[PDB]
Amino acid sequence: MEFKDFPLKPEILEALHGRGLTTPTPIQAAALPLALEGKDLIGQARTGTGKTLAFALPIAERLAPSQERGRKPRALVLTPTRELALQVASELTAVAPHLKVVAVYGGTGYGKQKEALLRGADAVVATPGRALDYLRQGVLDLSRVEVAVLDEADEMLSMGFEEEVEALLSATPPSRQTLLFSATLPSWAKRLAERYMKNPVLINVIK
């Protein structure tokens, strides 16, 4: 099946086509039918298998646009590094053109990021230390999050962000949809499924 065969808004498909993307990768073709229906899932696949779109397209499809100034984000994506936060934000901006995506990460001051969050955001893509910093400061508001994504959960474990991640997830509404992506599925990932997800289906691309 091609992207056009999936229940995706015309504007999203147009963006996909423009970016040279027509046919889902295996993780995408298996995950989208469930993720687009609002279901929780765990995606286990080598990096470069197309994991980002498997959660970006659900975020894009689920969220309607909003022009309301200072609005709080309706999606949160956590990633272990600044490099990945920038990459994921780029991709999500590109397939959710109707959404404002704000990236937050270390290696710079607070001022520009706070200014962005104050203006309003529909999705935030963040490293967990910086996100928790802003949560504590009152500038990142997670009370309206409808979709939470943990991207590379095993790297977030290996960089030591367990408490930050759990703290962030705990500040989101339990009504949310949660997607967890992790190449390996260590003990921590399993704890997260139990404690933060709703009967998620596991999709694992082997080889």
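For every residue, the number given is its place in the sequence shown, counted from 1.
Peer 1: If you average the CA temperature factors over each stretch, which comes out higher, 67-75 or 106-114?
Peer 2: According to the entry, 67-75 carries the higher average C-alpha B-factor.
Peer 1: For the stretches 20-28 and 180-188, which has the higher mean C-alpha B-factor as given in the deposited record?
Peer 2: Of 180-188 and 20-28, the stretch with the higher C-alpha B-factor average is 180-188.
Peer 1: Could you say which of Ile42, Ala35, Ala153, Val147 has its CA atom at the highest B factor, as listed in the PDB entry?
Peer 2: Max CA B-factor in the entry, restricted to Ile42, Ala35, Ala153, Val147: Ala153.
Peer 1: Taking the chain's C-alpha temperature factors as the reference, tell me which third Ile203 falls into: lowest, middle or highest.
Peer 2: As the PDB entry reports it, the C-alpha B-factor of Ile203 lands in the lowest third of its chain.
Peer 1: How does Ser90 rank on Cα B-factor within its chain, lowest, middle or highest third?
Peer 2: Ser90: CA B-factor falls in the middle third of its chain.
Peer 1: Give the position of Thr52 by CA B-factor within its chain, expressed as the lowest, middle or highest third.
Peer 2: Answer is lowest: the recorded C-alpha B-factor places it there.
Peer 1: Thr127: which third of its chain by C-alpha temperature factor?
Peer 2: Lowest third, going by the recorded CA B-factors of the chain.
Peer 1: Please say which third, lowest, middle or highest, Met159 falls into when its CA temperature factor is compared across its chain.
Peer 2: Top third by C-alpha B-factor.
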